[PDB]
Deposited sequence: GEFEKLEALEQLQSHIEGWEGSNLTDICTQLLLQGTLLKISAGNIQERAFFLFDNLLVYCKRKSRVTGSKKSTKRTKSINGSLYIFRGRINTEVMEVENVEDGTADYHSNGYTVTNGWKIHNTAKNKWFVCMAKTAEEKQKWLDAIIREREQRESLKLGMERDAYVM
């Protein structure tokens, strides 16, 4: 049930070194998707492990020692926007490199944009679908609660 998932979250976080901020078991309940993506941010091109939880996106550098990942950043999905990027696009957001299977993420709390690229079109679609699902679940929960408070 819910409790075994929380234990799983604590275990997952134990594989991430240098964690910043609140713990996964305090704000999340599930993992929608994990995978490797190319991240282009502020002139830097870096491969990262991305984790999309309910309410939270985490990205890490890939690394008895249980550490597999090095914490690099997190975004509250409530303040995250996503914008499609069409294949063949090349501008300063991608350092002038041609983007394929890519998209942009806006961290609105830090007013910061960065580009993500997957290796395949199917993997890109999997990410876009998971981002949509995360947002839909979160909005459904929130609207339900507000409906309860309002009526």
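**Student:** No C-alpha coordinates means not modelled. Give me those stretches of the deposited sequence in order.
**Tutor:** The deposited sequence has unmodelled segments at 64 to 78, 167.
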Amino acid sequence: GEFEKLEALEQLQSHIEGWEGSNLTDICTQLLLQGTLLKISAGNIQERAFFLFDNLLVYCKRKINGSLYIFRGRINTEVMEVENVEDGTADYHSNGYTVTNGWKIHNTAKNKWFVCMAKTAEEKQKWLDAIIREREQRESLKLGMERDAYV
From here on, numbers count along this sequence of modelled residues.
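Throughout, rigid core stands for the largest set of C-alpha atoms superposing within 1.5 Å between the two forms.
**Student:** After superposing on the rigid core, which of 134 to 142 and 16 to 24 has its C-alpha atoms sitting farther from this form in 4 other deposited structures of this protein?
**Tutor:** Evaluated in 4 other deposited structures of this protein, the stretch farther from the shown form is 134 to 142.
**Student:** When the core is superposed, where do the C-alphas shift more in 4 other deposited structures of this protein: in 104 to 112 or in 27 to 35?
**Tutor:** Farther from the shown form on average in 4 other deposited structures of this protein: 104 to 112.
**Student:** Quick check: 121 to 129 versus 78 to 86, which has the larger average CA B-factor in the record?
**Tutor:** Taking the mean C-alpha B-factor of 78 to 86 and of 121 to 129, the larger value falls to 78 to 86.
**Student:** If you take the mean CA temperature factor per stretch, which one wins between 48 to 56 and 97 to 105?
**Tutor:** Stretch with the higher mean C-alpha B-factor: 97 to 105.
**Student:** Using the temperature factors in the entry, find which of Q34, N111, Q30, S41 has the highest value at its Cα atom.
**Tutor:** When the deposited C-alpha B-factors of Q34, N111, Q30, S41 are compared, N111 is largest.
**Student:** What third of the chain, by the recorded C-alpha B-factor, contains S22?
**Tutor:** Top third by C-alpha B-factor.
**Student:** Ordered by C-alpha B-factor within the chain, which third holds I64? Give me lowest, middle or highest, please.
**Tutor:** Within its chain, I64 is a highest-third residue by C-alpha B-factor, going by the deposited values.
**Student:** Ranked by Cα temperature factor within the chain, is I16 in the lowest third, the middle third or the highest third?
**Tutor:** Bottom third by C-alpha B-factor.
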